[PDB]
């Protein structure tokens, strides 16, 4: 049976179109755009940075400009021609180093770099993750299976305004001579969020429970 949510979704959408707030085409166009989103472009940006010091500097200073190199123009790629309404146009790339490791969260909600990374994980939106990460990052990351030297600076980035972040982790050992494709393959969504680090041989996010939807896409 249809849920109260599905009933209301149809009601809202039909009314909006009926009143000319947005067109049926607009809705299809947006869903199509969302369908093309994913973590691949962000992974390529990291791989490219690892292989090009000049490009890495660009990523760190001007994320928006750097993003164009992986086919994601924050201003013109979305259907609006002025960036997505919710993700805005100010991507910043956080570069990890032997003395610094970043992890991102949006304590106020779920702000995520959608244009270049795709949709946010269910857990990323949880009150739990939003409450704890900023205060107990060492403990939260450990839960994810990630631990760093005590002297290393763990920096939590709270995306609370118009900036969105992606993490550029340090290139892992054991990837000598690897091609861009090989390097991008190990930069998973979780690595770009900061709850995991790239590892040779690991090409998918760590397996975790999956809650099934009543009626999935």
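Numbering follows the first chain given and starts at 1.
Peer 1: Check the entry's C-alpha temperature factors for 175-183 and 159-167, then say which stretch has the higher mean.
Peer 2: On average, C-alpha B-factors are higher across 175-183.
Peer 1: Quick check on the record: does 93-101 or 128-136 carry the larger mean Cα temperature factor?
Peer 2: Going by the record's values, the stretch with the higher mean is 93-101.
Peer 1: Against its chain's modelled residues, does residue 204's Cα B factor rank lowest, middle or highest third?
Peer 2: It falls in the top third of the chain.
Peer 1: Going by the CA temperature factor in the PDB record, which third of the chain does residue 8 belong to: lowest, middle or highest?
Peer 2: Lowest third.
Peer 1: Looking at the entry's B-factor column for C-alpha atoms only, identify whether residue 78 ranks in the lowest, middle or highest third of its chain.
Peer 2: For residue 78, whose C-alpha B-factor we compare with every modelled residue in the chain, the answer is the highest third.
Peer 1: What third of its chain's C-alpha B-factors does residue 148 belong to: lowest, middle or highest?
Peer 2: Highest third, going by the recorded CA B-factors of the chain.
Peer 1: What third of its chain, lowest, middle or highest, does the C-alpha temperature factor of residue 24 fall into?
Peer 2: For residue 24, whose C-alpha B-factor we compare with every modelled residue in the chain, the answer is the highest third.
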